[PDB]
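Take a look at the structure set out below.
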Amino acid sequence: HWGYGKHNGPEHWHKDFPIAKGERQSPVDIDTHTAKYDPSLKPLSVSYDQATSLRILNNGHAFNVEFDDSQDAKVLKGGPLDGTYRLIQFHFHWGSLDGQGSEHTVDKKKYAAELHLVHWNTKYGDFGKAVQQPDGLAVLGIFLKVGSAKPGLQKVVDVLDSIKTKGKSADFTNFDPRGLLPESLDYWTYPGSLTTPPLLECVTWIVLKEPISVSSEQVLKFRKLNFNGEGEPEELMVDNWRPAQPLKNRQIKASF
Ligand SMILES: CN1CCN(NC(=S)Nc2ccc(S(N)(=O)=O)cc2)CC1
Ligand SMILES: [Zn+2]
């Protein structure tokens, strides 16, 4: 029954998921002065023109926008990656206040939220097989700061009303994730894990340096969601982020 509360929060996860104290856990603080430019990095390729979203789901921890990954279309390639990774879902982590909410930090700076675009390595054939491989997943992480609105986000926030509580879902077709991307594809990369149980160490992290801006009004709508199911006492879905974990035997590489 893991969550983000006092009694079932990140400091508790290791009891059911001992890999919480592993060698390549996420997220991490990104120390910009220690990160090193890596010339071996190839150009990053974010090809989302043919993406087909299907649904949005409140899963009791976040909301996921799910994509039809039955065929190759929305893919991530290049950068640190070998091969082709298919987009399967995106979600956010966000805070109770604008000064916290991201998982990754940049010289210990917390952003108001963090977008995760989750992709799996098609050479393993299905997502389930991919999450048993050390190079199974690639997650493209994008910070959110509060300022001007992000027009490409508004459709997301406009449907949240209909998936307030855990287990609720709504149709969510024809959403274009290209509208969530910043101008620059400059990134940091390192090997890590899922940031929620079961914390599997299968992820290549690609974290963009340029945040996107969203409005106070847009993030306020995220904070009106519920962790709980329908009819249950309200627990606002806020602070669903895991803090920075030990870097251990890793180096963060910069694309720039
Ligand atoms: C048990 N089962 C394992 C598979 N899981 N599916 C997904 S897509 N999990 C997932 C969890 C966290 C991240 S994050 N936050 O690292 O991007 C990205 C993906 C669902 C639950
Ligand atoms: Zn995430």
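Start at 1 with the first residue, then count along the sequence. Worth knowing before you read on, the calculation uses all heavy atoms, side chains too, and leaves out hydrogens, waters and symmetry mates.
Checked by atom type and distance alone, the side chain of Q218 pairs as donor or acceptor with a backbone atom of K150 at under 3.5 Å. Side-chain atoms of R178 do not come within 3.5 Å of backbone N or O of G152 as any donor-acceptor pair. Between the side chain of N64 and the backbone N or O of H91 there is no donor-acceptor pair closer than 3.5 Å. Proximity of a side-chain donor or acceptor of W188 to a complementary backbone N or O of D31 within less than 3.5 Å is not detected. In this structure a side-chain-to-backbone donor-acceptor pair under 3.5 Å is present from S26 to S193. Panel note: side chain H93, backbone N240; a donor-acceptor pair is recorded below 3.5 Å. Checked by atom type and distance alone, the side chain of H104 never pairs as donor or acceptor with a backbone atom of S102 at under 3.5 Å. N226 contributes no side-chain N or O that, together with a main-chain N or O of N228, makes up a donor-acceptor pair within less than 3.5 Å. Formation of a donor-acceptor pair under 3.5 Å by the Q25 side chain with backbone atoms of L199 is found in this model. Proximity of a side-chain donor or acceptor of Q133 to a complementary backbone N or O of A130 within less than 3.5 Å is not detected.
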task = List the steps, then state whether ring-ring contact (aromatic ring centres under 6.0 Å, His included) holds for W2 with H61.
result = CA-CA 9 Å; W2 69 269; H61 310 300; 3.7 Å; yes
ask   = Does the pair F63 and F92 meet the rule for a ring-ring contact (aromatic ring centres under 6.0 Å, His included), with working shown?
value = CA-CA 7 Å; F63 61 83; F92 308 75; 5.6 Å; yes
key: Derivation of the ring-ring contact (aromatic ring centres under 6.0 Å, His included) call for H116 and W205   = CA-CA 10 Å; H116 290 160; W205 279 97; 4.8 Å; yes
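Annotation: side chain of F67 is not in contact with side chain of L54 (no heavy-atom distance under 4.5 Å). Taking the side chain as every heavy atom from C-beta outward, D161 and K221 never approach each other to under 4.5 Å. Looking only at side-chain heavy atoms (C-beta outward), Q132 and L200 stay at 4.5 Å or farther from each other. You'll find the side chain of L185 stays beyond 4.5 Å of the side chain of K209, heavy atoms only. With a 4.5 Å cut-off on side-chain heavy atoms, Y85 and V75 do not count as touching.
With sequence neighbours left out, the side chain to side chain contact (heavy atoms under 4.5 Å, CB included) criterion links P243 to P10, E11, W241, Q245. Among residues two or more places apart in sequence or in another chain, the side chain to side chain contact (heavy atoms under 4.5 Å, CB included) test is passed with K145 by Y111, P211, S213. With sequence neighbours left out, the side-chain hydrogen bond (donor to acceptor under 3.5 Å, both in side chains) criterion links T32 to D107.
We find that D98 and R223 are joined by a salt bridge, their nearest charged nitrogen and carboxylate oxygen being less than 4.0 Å apart. At a threshold of 4.0 Å, the pair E23-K248 counts as salt-bridged, since one of the basic side-chain nitrogens sits closer than that to a carboxylate oxygen. Under 4.0 Å is where a charged nitrogen must lie from a carboxylate oxygen, and between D72 and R86 at least one such pair does. Ionic pairing of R55 and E66 is present here: one or more N-O contacts between side-chain nitrogen and carboxylate oxygen are shorter than 4.0 angstrom.
Inspection of the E103 and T195 side chains reveals an N or O donor paired with an N or O acceptor under 3.5 Å. No side-chain donor from either of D239 and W94 sits under 3.5 Å from a side-chain acceptor of the other.
When all heavy atoms of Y190 and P27 are compared, the pair lying nearest together is OH-CA, 3.8 Å.
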